[PDB]
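What the coordinates show
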Amino acid sequence: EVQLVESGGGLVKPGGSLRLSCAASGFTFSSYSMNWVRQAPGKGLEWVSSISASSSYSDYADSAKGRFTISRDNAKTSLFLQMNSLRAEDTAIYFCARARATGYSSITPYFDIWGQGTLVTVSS
Amino acid sequence: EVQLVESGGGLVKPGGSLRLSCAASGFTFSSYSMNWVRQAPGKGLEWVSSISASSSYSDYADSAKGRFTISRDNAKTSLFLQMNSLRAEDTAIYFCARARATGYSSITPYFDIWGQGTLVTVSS
Amino acid sequence: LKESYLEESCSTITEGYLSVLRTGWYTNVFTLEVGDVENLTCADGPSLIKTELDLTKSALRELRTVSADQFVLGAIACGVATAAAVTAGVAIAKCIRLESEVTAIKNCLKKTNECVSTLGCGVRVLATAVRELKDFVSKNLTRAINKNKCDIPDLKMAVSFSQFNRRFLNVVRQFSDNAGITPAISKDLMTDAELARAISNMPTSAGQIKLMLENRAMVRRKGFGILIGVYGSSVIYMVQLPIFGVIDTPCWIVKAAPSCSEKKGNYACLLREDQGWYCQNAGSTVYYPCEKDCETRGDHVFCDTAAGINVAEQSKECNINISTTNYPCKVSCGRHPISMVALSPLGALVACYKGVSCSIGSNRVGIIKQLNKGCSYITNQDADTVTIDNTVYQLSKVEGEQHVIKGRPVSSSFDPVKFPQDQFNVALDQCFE
Amino acid sequence: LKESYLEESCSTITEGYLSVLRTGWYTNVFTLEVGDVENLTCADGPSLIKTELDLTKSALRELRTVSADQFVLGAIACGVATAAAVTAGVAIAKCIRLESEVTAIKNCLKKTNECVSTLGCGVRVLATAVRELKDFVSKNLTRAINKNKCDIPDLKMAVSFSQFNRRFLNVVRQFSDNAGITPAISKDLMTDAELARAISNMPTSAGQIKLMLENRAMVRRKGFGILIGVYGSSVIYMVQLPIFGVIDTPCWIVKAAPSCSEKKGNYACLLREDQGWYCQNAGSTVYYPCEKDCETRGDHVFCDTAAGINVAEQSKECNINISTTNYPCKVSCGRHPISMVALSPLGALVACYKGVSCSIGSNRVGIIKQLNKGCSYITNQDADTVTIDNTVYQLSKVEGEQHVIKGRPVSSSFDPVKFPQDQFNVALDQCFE
Amino acid sequence: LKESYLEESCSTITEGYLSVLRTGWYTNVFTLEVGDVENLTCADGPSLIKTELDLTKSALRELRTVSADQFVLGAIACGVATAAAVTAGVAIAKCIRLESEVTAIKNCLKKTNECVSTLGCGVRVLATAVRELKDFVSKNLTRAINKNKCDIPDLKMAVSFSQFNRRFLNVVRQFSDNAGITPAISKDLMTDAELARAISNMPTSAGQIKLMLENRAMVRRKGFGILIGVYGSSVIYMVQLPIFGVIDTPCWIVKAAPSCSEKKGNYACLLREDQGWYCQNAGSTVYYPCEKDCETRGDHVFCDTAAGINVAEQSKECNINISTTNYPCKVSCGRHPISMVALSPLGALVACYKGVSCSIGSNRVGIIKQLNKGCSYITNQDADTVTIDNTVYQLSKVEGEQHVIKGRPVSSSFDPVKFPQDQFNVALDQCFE
Amino acid sequence: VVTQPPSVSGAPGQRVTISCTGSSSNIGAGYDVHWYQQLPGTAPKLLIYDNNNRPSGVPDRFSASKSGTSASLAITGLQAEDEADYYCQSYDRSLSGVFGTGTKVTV
Amino acid sequence: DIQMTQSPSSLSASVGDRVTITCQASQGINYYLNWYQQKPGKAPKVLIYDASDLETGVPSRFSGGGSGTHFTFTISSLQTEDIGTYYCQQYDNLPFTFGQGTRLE
Amino acid sequence: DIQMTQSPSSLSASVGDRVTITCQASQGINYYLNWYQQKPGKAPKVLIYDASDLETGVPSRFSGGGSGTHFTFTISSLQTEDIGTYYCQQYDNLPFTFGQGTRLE
Ligand SMILES: *[C@@H]1O[C@H](CO)[C@@H](O[C@@H]2O[C@H](CO)[C@@H](O)[C@H](O)[C@H]2NC(C)=O)[C@H](O)[C@H]1NC(C)=O
Ligand SMILES: *[C@@H]1O[C@H](CO)[C@@H](O[C@@H]2O[C@H](CO)[C@@H](O)[C@H](O)[C@H]2NC(C)=O)[C@H](O)[C@H]1NC(C)=O
Ligand SMILES: *[C@@H]1O[C@H](CO)[C@@H](O[C@@H]2O[C@H](CO)[C@@H](O)[C@H](O)[C@H]2NC(C)=O)[C@H](O)[C@H]1NC(C)=O
Ligand SMILES: *[C@@H]1O[C@H](CO)[C@@H](O)[C@H](O)[C@H]1NC(C)=O
Ligand SMILES: *[C@@H]1O[C@H](CO)[C@@H](O)[C@H](O)[C@H]1NC(C)=O
Ligand SMILES: *[C@@H]1O[C@H](CO)[C@@H](O)[C@H](O)[C@H]1NC(C)=O
Ligand SMILES: *[C@@H]1O[C@H](CO)[C@@H](O)[C@H](O)[C@H]1NC(C)=O
Ligand SMILES: *[C@@H]1O[C@H](CO)[C@@H](O)[C@H](O)[C@H]1NC(C)=O
Ligand SMILES: *[C@@H]1O[C@H](CO)[C@@H](O)[C@H](O)[C@H]1NC(C)=O
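So, how was this worked out
- Residues numbered from 1 in each chain as written, not as in the entry; some residues may be left out.
- Chains lettered and ligands numbered in written order.
- Part of a larger assembly, values for the part shown.
- Heavy atoms only, no water.
- Axes fitted to C-alpha atoms, helices over the stretch in contact; angles between N-to-C directions.
- Helix = DSSP H or I, 4+ residues; strand = E, 2+ residues; numbered from the N terminus.
- Parallel < 35°, antiparallel > 145°, perpendicular 65-115°, else oblique.
- Left-handed = near helix turned anticlockwise from the far one by under 90°.
- Contact = heavy atoms within 4.5 Å.
- Nonpolar A, V, L, I, M, F, W, Y, C, P; charged D, E, K, R; others polar.
- Least-squares fit on C-alpha atoms.
- Buried < 20%, exposed > 50% of the residue type's maximum accessible area, 1.4 Å probe, protein only.
- Pairing = 2+ DSSP bridges.
- Salt bridge = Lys/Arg side-chain N within 4 Å of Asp/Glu carboxyl O.
- Near = heavy atom within 4 Å.
- Polar contact = N/O pair within 3.5 Å; in protein donor to acceptor, adjacent residues only side chain to side chain.
- Areas by Shrake-Rupley, 256 points an atom, 1.4 Å probe, with all protein chains shown as cover.
- Buried area = accessible area lost by both parts, 1.4 Å probe.

The deposited coordinates derive from cryo-EM, with the record listing a resolution of 3.06 Å.

This paragraph deals with the packing of helix α1 (residues 48-63) of chain D against helix α5 (residues 155-177) of chain E. Contact pair α1 of chain D / α5 of chain E: the axes reach a minimum separation of 10 Å and the direction vectors enclose 25°. Looking at the two axes, α1 of chain D sits roughly parallel to α5 of chain E. The handedness of the crossing between α1 of chain D and α5 of chain E is left-handed. Contacts between α1 of chain D and α5 of chain E pair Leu48, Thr51 and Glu52 of chain D from the former with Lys156, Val159, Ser160 and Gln163 of chain E from the latter. Taken together, the residues of the contact of α1 of chain D with α5 of chain E sort by class into 2 nonpolar, 3 polar and 2 charged.

Take the relation of the copies chain C and chain E next. For the match of chain C to chain E, the screw axis carries a shift of 0.0 Å, the RMSD comes to 0.2 Å, and the turn is 120°. Accordingly, the operation relating the two chain copies is best matched by a three-fold axis. Within chain C, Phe424 of chain C has its C-alpha nearest the rotation axis, a separation of 4.2 Å. By residue overlap, the copies meet through two different surfaces: only 12% of the interface positions of chain C are interface positions in chain E.

All names here are of chain B. With 7 of 9 residues buried, strand β9 (residues 92-100) lies mostly within the body of the structure. As paired strands, strand β4 (residues 33-39) and β9 are joined by 7 bridges and run antiparallel to one another. Along β9, the bridge assignment pairs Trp36 with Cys96. Two strands pair when backbone bridges link them, and β9 and strand β10 (residues 110-114) are joined in this way by 3 bridges, in the antiparallel orientation. If you follow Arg98 over to β10, its bridge partner there is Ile113.

Residue and element names in this part refer to chain E. Strand order across the open sheet formed by 3 strands is β19-β20-β23, with antiparallel pairing between neighbours. At either end of the open sheet lies a strand with only one pairing partner, and these are β19 (340-344) and β23 (376-379). Taken over all neighbouring pairs, the strand axes of this sheet differ in orientation by 20° on average, direction set aside. The pairing of β19 with strand β20 (residues 347-351) spans 5 bridges and is antiparallel. From the neighbouring strand, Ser344 faces β20, where its bridge partner is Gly347.

Relative placement of two packed helices is described by the angle separating their axes and the distance separating the axes. Residues and elements named next belong to chain D. Two elements in contact, helix α7 (residues 192-201) and helix α8 (residues 206-214), have axes separated by 9 Å at closest approach and are oriented at 165°. When the interaxial angle is binned, α7 and α8 end up roughly antiparallel. Judged by the sense of rotation from one axis to the other, the crossing of α7 with α8 is right-handed. Between α7 and α8, the contacting residues are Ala196, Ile199 and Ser200 on the first element and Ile209, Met212 and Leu213 on the second. Grouping the amino acids of the contact of α7 with α8 by side-chain chemistry returns 5 nonpolar, 1 polar and no charged.

In this structure the tally under the stated criterion is 102 salt bridges over all chains. Where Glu7 of chain E meets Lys406 of chain E, a salt bridge forms, and the shortest distance between an N and an O atom there is 3.0 Å. A relative accessible area of 22% places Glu7 of chain E in the partly exposed class. Taken together, the shared-partner salt bridges in this structure form one network comprising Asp69 of chain C together with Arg221, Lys222, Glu295 and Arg297 of chain D.

What follows is about the site of ligand 1. As a matter of local geometry, ligand 1 sits amid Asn140, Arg143 and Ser160 of chain C. Measuring from an oxygen atom of ligand 1, one finds a side-chain N or O atom of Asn140 of chain C at 2.3 Å.

Further remarks concern the site of ligand 9. Residues and elements named next belong to chain E. The immediate surroundings of ligand 9 are formed by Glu317, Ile320, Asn321, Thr324 and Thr325. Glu317 is positioned such that a nitrogen or oxygen atom in its side chain is 2.5 Å from an oxygen atom of ligand 9. Considering ligand 9 on its own, with 360 Å² of exposed area, one finds that the protein chains cover 60% of that surface. Taken together, the residues of the shell around ligand 9 sort by class into 1 nonpolar, 3 polar and 1 charged.

Side chains that are three or four residues apart share a direction in an α-helix, a result of its 3.6 residues per turn. Every buried residue of helix α7 (residues 206-214) of chain E is listed here: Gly207, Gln208, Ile209, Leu211 and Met212 of chain E. Looking at the buried residues of α7 of chain E, the elements they touch are β2 (11-22), α6 (192-200), α8 (216-222), β7 (234-243), β8 (246-247) and β16 (300-304) of chain E.

To continue, consider the interface of chain H and chain D. Contacts between chain H and chain D engage 10 residues on the former and 8 residues on the latter. Per-residue buried area on chain H facing chain D is highest for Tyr31, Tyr32 and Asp92 of chain H; these three make up 52% of the total on that side. Our enumeration of links across chain H and chain D arrives at 2 salt bridges. Between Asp53 of chain H and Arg61 of chain D there is a salt bridge; the shortest N-O distance is 3.0 Å. Across the contact surface, chain H and chain D share 8 residue pairs in polar contact. Looking at side-chain class alone, the side of chain H that touches chain D contains 4 nonpolar, 3 polar and 3 charged residues.

Turning to the interface of chain C and chain E, a few remarks are in order. Each side of the interface is counted separately: chain C has 40 residues, and chain E has 43 residues. Note that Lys330 of chain E and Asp422 of chain C form a salt bridge whose closest N and O atoms lie 2.8 Å from each other. Our count for the contact surface shared by chain C and chain E stands at 11 residue pairs in polar contact. At the level of secondary structure, the elements contributing two or more residues to the side of chain C that touches chain E comprise α5 (155-177), β11 (266-272), β14 (295-297), β17 (330-334), β18 (340-344) and β24 (391-394) of chain C. Sort the elements by how many residues they give to the side of chain C that touches chain E and α5 of chain C lands first, with 6 residues. Class assignment of the residues belonging to the side of chain C that touches chain E gives a composition of 18 nonpolar, 12 polar and 10 charged.

And the structure:
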C-alpha cells in the first residue's frame, strides 16, 4: 500500500529540539514533492514546509522559517523535519503529505496521500 | 601489398625529355592525391609536383613549372611525369608518393606510401 | 551528472538531469493599439510621412484579412504535441473573440496598461495594452498631418514615425506570414519587459518564478502566439506562455550504438531503439521520443508533457540486465555492422568493427590508443578526440562521474534467429535465441 | 464535416473536406529595375546618401554572383514533390535566361508595367516591371549627387532613399541566403498588389480566381521564387504561383491509435499505418503521406498533386472491411501498448491500456467519466478535455457530426502470429492468424 | 555527369560528381566593439537619438544575459553530425572564454583590425575587430550628447546612428533568438568582406582557396557562429568556417524506385533502401544517408564527413549484380506496387504498375509514348515530361551520358518468401529465395 | 625554406632532439609538420604526421611536437636503427610542399 | 515628470526573511532605476543601480530586477542592520524623481 | 586620405608564373579599387577597375579581387610584356590616392 509513516514525535521542553521522520513506502518517492502539515489540537490545519522532488527547493511557513529544516533522503525513501527552538505554540500533530499538482491552470499543489501524523508536545 | 613502382628513369642529355611512370597497385588509386618527390644524390628531398584525386588540380615546384607535366590515368592506375628541358641539376632519384591529409586543423598533405624511386641522370 | 556505460548493450544512460516539464499554458492577451491611423490621409504628393502612413494603414487593412482558422513513437509524439498546443490556444482565443469579452478586456485596459481579467469561459487571462503608437498618432501625427498636406518640413516627425510603427509592422509580418499562429514569441509579439512582467504575474510557485526568470529565453521559445483579430483600430493577439507544473524530478537520457559481434565471421548486431529522454513524472516513467520535444540547460531538461509517452516502470530493466528482463525492450538487429561514434554528454560510445581504423587522441599527445574492435566507451577524460578512419570527433570536455556496468554483450552471448535475421524495432527476444 | 469512428481498427475517418490540389505552375517574371546606380558615386566623405548608395551598389554587385545550382511512403513522396517543383521552375528560367527572351520581356515592359509574353519555349509568362527605385534614382538622386559630392543637406533624400531601396535589399538577401531559389514568396519578391494582379491574370476559371483571391496567403505559401539574374541594372527573377486545376473533389483524413487486447494477459496491438490525407482526383484515390504538403483552411484541404501516391480504389475497404478485406491494408503490430491521445478534427481517439489512468472532463464540471481501458472515441461534445495520467489534452470545440461504425476490434478477434510478433508496416494478414 | 540505369533493380547510379567534404573547422573570433555606449544617457525627453541609444544599450544589456551552454542510418548520421559540430565549436569557445585569452586577443587587435592568435589550448584562431560603431560613438555621439541633453537639431546624427548600430542589433537578435549558437553565418555575423578575408587566411591549399572563394555561399552555409560573451563593451563571438580537407574524389548518387512483378497476379515488389550519396574518401567508400548532409553545385557535392558512415568497398557490388553478390544489399519488399516517378539528375525512373496510366510527352509534340507496365527509365532526351495519371512531372533538361546496365529484374526472377512477405530494410536474401 | 641542423649525435639510450625551424609562411602559417625517416638506400618512411600523431608500426620512442614557428622530433632511447636521415615536412603558402634540409642522426 | 510609486509603504520582517519591495514608474524608464537605503539619521546610501547591479561593497544579499515600468528589490535574507528606509530613483529623464520611500522595520 | 599600402614592393618571376600583388587600404573603400600597369617610360594603363573588372582591351590573364580593405591582383601567367610597375588606386573618396607602386621584374 501507498503509506507514509511519521515517527519521532514526543514531548519536548520549550527551546528544545526534535527531528520528525516520515518513512515513505509503496511509491516512487523520488518522483513526488513532500510536505509537512500540522494541526494544533482541535485547531485547523497549518502548512509547515515543503521540499521539491530532488530537494532543490525548500519552502517554509513564517512560523517555520529558520526554526525548522526539512530534508529528504531519496535513497532511504525517508522525509525529515529538524525542529529547533520549539515554542509551546508548536504543540501539534504533524502530518507528512505527498504533494502533487496539475500544471494546467496554475501550480497549486494538493496533498493526495497523508500520513497518520505524529503528535509533538512542547511543554514542561 | 600497397605498392608504387616507378619506371622510365634513365640517362638523358641536357635539354632532353623523359617520362617517368609510377604504376600504383593494391589500393583505390582514384581516391588519393599523388605526388612526385625527388632527391639529388646525397641532398635533401625536394617536392616536385602533385595531382589531385581526379586530376582537377595540379601543383608544381618553381623548378618544375612549365618544364614538367604531371598526369594520371585512374583507369590504368598509373601516375606519369612528363619532363622536358632537363637540366644537369635535375639529376636525382624521383619518388612517387601517395599523399594524404586530415583536414581537422589545416590541409597540409603528407606522403604515407612511397615508391622506391627511379634514378634519372641528366648528363653527357 | 552521472553516466553508466551499459556494457552489455553498447548504450549509456546519463543520469542526474533534473526536469522541467510544461503542463499547462498561461495566456497574455495583448491589445496593440494601432491608433487613429485610418482618419489620417496624406494627399499632397510623395512624402516621408505618407510612405510610413501608407505602410501602416495598408498593414492594418491587410491584417484584418489575416486570421487563424479560429511502433515508431517519435512521429506519433511530435504529432500529438503540436496538435495539443494549437487546440489549447485556439480554444482560448475562441472565448476572447467574443465581442462581449473583447470589450471587457479593452475596458479594464482603459485606466492601466496591464489588467488581469477572467474570461466568461473561466480562464483568468492577463491582459496588456501596447500603446506607444497610439500616443504618437494622437498627440503628434494628427496635429502634424493637419489639413492633409502632410509633406511638412519637420523630418523628425517622419523619422520618429518610422520608429513607432516598426513594432506594429513586425507583428503584422509575423502573423500574416504564419497565417495567424506564430511558431514562437518574437520580441515584436512580446518584449522582454512584457515577458518578465507576465512571468511575474503567473499563478505559480516562487521556484518556478525564479527558474523562469532565469531561463526566460526558454519561456519565449516554448510559448507561441495566436492572432485574435483587429477590433476597432486595436490588433488583439494572445501569447501562450508555458507553465512548468512539473519540475525537479529525475530525468535520464539513453544513448546507444550498434552492439555487433561476429559468429563464424558473420556479424550479428543489435541496436537499442528505446533511445532518448526519459523522466519520472508524478510517479510515472515518461518517455519523450521526438528530438524536438526536449532541450537542456545545465542539468534542467525542458520537455513538454504532451509529447511524453508513458512507459511501464519496469522499462528501466532495459538498463540493467536487458539480457534477462521480461519487459519487451525494443531493439533493431541485423547483419550490417555500422561503425560510428555516438557522443554522450560525458563521453563517446565508439562502435568500431571490421574495416575502419578507430583511434583516440589528445591535442597534447596525438594518438593515445588504437581502439579495440567492438563497442568501446571513451570517457571525455581518456581522450580529447576520437577518429573513425579520417574522421575526427572532438569530445565534450565536461566533468561528471562515468561508470561501467559490466557484462558480456547480448549479441556476443545469444545466437541470432536464423530467419528473419534483420528485424526493425522489435522486442529483443525476437532477435536472439 | 463528418467523422466515423471505425471501431474495429481504432481509427477515425473524417470526411467532407474539399480538395484544392495544385497541378501546375504559373510564372510571373519580375524586372525589378535597380536603376542607374552604378553611375553614382559619393566621394566627399561619410554621408547618409553614401551609406545607402554603397549598400545598394554592393548588394547589386553581390547579387551578380548568385545563381541557382541549375514502404515508408512519406520519405518517398516529399522528396519527389520537392524535386519536381524545382525542376519545373528551373526549366522555365532556362528559357528566360536566354538574352533573346530577356530582351523581349524588357521591351514589352517599356511603356507598360505589366505585360503578357510568350517565351520561345511556348510558356505564356506574365511579366511585371518594378520601377519605383529607378524612378527615384533617375529623377531625384542622380540630380542631387552633384559631381560626386553627396554630404548634401537635403536629409529628405537620404531618408527617402533608404525607403525606396528597401525592397531591393530584401530581395537580394532572400535570393543570396537561399542561393537563388526561395522556399516561399516573401512580400519583397511579390507584393500583395502584384499577387492580386497575378491571380487575376491566371488562365483559370472564376471559381479558382475567387477562391485564390480569398486564400491568397496559401497561394503565397505554395509558390516559390527563382532568380534569373541581373541584366544591366535590372534584377530579373520569377515567382512560380500554383495552379489549382483540381478543386472541390472529396477528401478525407484517417487517424488511428493503437488497438490492443490482452489475449492471454499479454497484449497484442496493431496500428494502422495508412494514416493521413486522401483525396479523389479525377476518379482516382490519391494518398498524400507528406505532413508538410496538405494543409486545411476550413473545409478546403490544399495539397500538391506531385506529393500524391495513387492508391487502388479498393483501398477504401480498409475503412469498412479491414478484418475481412483482401486489399493489403498496411498496419504495424507488436507487443507494447502505447497509451496516447490522437486528436481528430471533431474529437479524440483515446488509447488507454493497463497502466495509465485516463479520464475526460469539462471546465464546468470536472471529471465527467473515467474511461474504460481499450481504445475509446471521445467526441468534442462529450467533454472539453481528455487526460492521460497527469497530462491534459484540450479537445477541438468544433461542430460536426460524429458516427460510430461498430465492430469487435481486429486485435481482439484474431489471434496474433507467434513469430515474428512485432512487425513494422506490414499487410494486416501477416500480423494475425 | 554519367548515369547508369540498373535494370536489375530499377535504380540509377549517377557518377562523375566530384567531392568536397568538410573535415575540420577554422575559427575566426570577432571582437565587435560596441563602444562607450554605457556612458551616454539621453535625459532631456523623447528624441531620435535617445530611442536608438536606448535600443543599443538595452540590446547590449540583454546580450550579457545570453549564453550558449558555455538500422535506419539517416537518423543516426544527422544526429552525430550536429553533435560533433557543436562540440568541436564549444571546445574552442571554452578556451577563448578564459580572461587571459580574451585579453590577449583584444590586445593584438589594438593597432590592427586583424590578428592571428594562438590560444593557450594551441588552436591558431584568426581574430578580427569591428569598430565602426565604436568609432561613431567615441568621435561623433559622445561629442553630441552634451550634458545628457540630446534632442539636438542635428537629425543627421540620429539617422547616422540608426545605420551604424544596425549590425550590432542584428547580431544581438541572432544570438539571443538562437540562445548563443546560430545555425548559419548571417551577413551580420560575418560580412562578405570578412568572409573572403577569412578564407584567404585559411591554412589550406590554393585549390581549396579558389574553390572556396567561388563557392563562398556554401562556406557561409556550412559554418556556424558561437557567442563567447560580452567583455567590457565588446561582444566577442566566433565563427566556425569549414575546412574542406577532402576534394576532387569520386562521388555518386543512387536512386531507386519500386521494382515489382505480378507473380500469379500478386505484386512481389522490391525497393532499394541504400539510396543517397556515396563518396570515396581516402580509400574508403563513405555513405551520407541524411538529406541535410550533401548539396550539389554542378559536379561538386558538398558533404560533411561527420555525417558519413563508412561502407565496405564491396558495397558497390549492389550496383553491379545485386542479385548475386553476397554483400547484404539493403532492400524493402512487399505486396503493394507504389507507382511513382523518381527524378534522377539526367532523367527519371518511372515506376508504373497496374492501375495508373503513365505517359511521356514533349512540349512540341504532346504524348510521345505510353509507357509499359513495370519500371522504365526515361532519359531527359526521350521526353520533356512524364505523367502518372493526371500528374505531370517536368524532366531536368541536362546534358550527360545515360547508360542501361541490362538484366532481368530481381522481382521477376527470384521468388518472394512466403512469410514474412513484407519486410522493411532487410538484406535482400531475406526477401527473395 | 625550412631549416634543420645538419647533424645530431648521441650514445645509445640518449635522447636527441631534431629541430625544424620554419617561418610565418609555413609552420607559422598554421600548416602542421610531418617527419620522415630515410635509411640509406631506401625511400623515406613516414615517422610522424600532424605534428605528433605516429603511424602504426613506428616505435613509441619517437615523439614530436610543434610550437610557434618551430617543431622538434625527440628520438628517445636512441638506437642503432636510428642511423638515418630525418626530414621534416610542411606546406608553404607560396612554395607549397617544403621538406627541411634534413638532419642525419649518428648513434 | 516620472512619478515613482513604491510599495508597500512599510514592512516588518524577521531576520532571515526574503523581504521584497516594488517600484513602478508612470512611464517606461528602460532600466534606469536605482535603490537607496537610508538608515535613520544618516544620508542615503546607494545599494543597486541600473535596476539590477550591486554597488561596490554592497552585501550580496541585496538584489533587484525588472525593466520598463515595474521594478523590484529584494533583501534575500534580512539582517538587523538592513532596517531603514528604501527609496527608488529614476534617471531616465530630468528631474530625477525619487520614489515615496518604503520604511522597513 | 586613404593610404594605399602595397606589397611586395618588387616581385620577380618567370614567364608562366602566377604572380600576385596585394594592395591594402587604411579604411573600407568598398570595391572602389583600380589597378594600373605602367611600362617603363610610358603613360600608365588601366587593367582592372572596381577591384575585379577587366578593362575591355586587356588580356584575360589579368584578374583581381577583394573588398573593403585587402585587395589582390594576379597575372595568372606572366608574359614578357607584363614587366612593368603596377599601381593600385582607390576612388572611394577624394583625393584619389595611388598605391606605392610595385615593380615586377
Ligand atoms: C510629440 O508631442 C509631444 C506633446 O506635445 C511632444 O512633447 C513635448 O516636447 C516639447 C519639446 O521637447 C517639450 O517642450 C514639451 O514639454 C513636451 N510635452 C508637451 C506636453 O508638450 C513631443 O516632443 C512630440 N514629439 C515626439 C517625438 O514625441
Ligand atoms: C523627386 O523628384 C520629383 C520631381 O522630379 C519631385 O516631385 C516634385 O516635388 C515638388 C515638391 O513637392 C512639386 O512642386 C512638383 O510638382 C513635383 N513634381 C515635379 C514633376 O516636379 C519629388 O518631390 C522628389 N522627391 C521624391 C521623394 O519623390
Ligand atoms: C563624425 O566625426 C568626424 C570627425 O569629427 C567627422 O569628420 C569630419 O566631417 C566633416 C564633414 O563636413 C569634415 O569637414 C571633416 O574634415 C571631417 N573630419 C574631421 C576630423 O572633422 C564626421 O563628419 C562626423 N560624422 C559622421 C557621420 O561621421
Ligand atoms: C476615426 O475613425 C472612425 C472611423 O472612420 C471615426 O468614427 C472617428 O470619428 C474618427 N475620429 C477622428 C478623431 O478622426
Ligand atoms: C534484470 O532482469 C530481471 C528479469 O527477471 C529483473 O527481475 C531484474 O530486476 C532486472 N535487473 C536486475 C539488476 O537484475
Ligand atoms: C550608366 O552606366 C552605364 C554603364 O557604364 C553607361 O553606359 C551609361 O552611359 C551610364 N549613364 C549615365 C546617365 O551615367
Ligand atoms: C466489404 O466486402 C464485401 C465482400 O466481402 C464487398 O462486397 C464490399 O464492397 C466491401 N465493402 C465496401 C465498402 O466495398
Ligand atoms: C565608460 O564607462 C566605464 C564603466 O566603468 C568607465 O569605467 C569609464 O570611465 C567610462 N568612460 C567614459 C569616457 O565615460
Ligand atoms: C555478382 O554475383 C556473383 C555470384 O553470386 C558474386 O560472386 C559477385 O560478387 C557479384 N559481382 C558484383 C560485381 O556484384
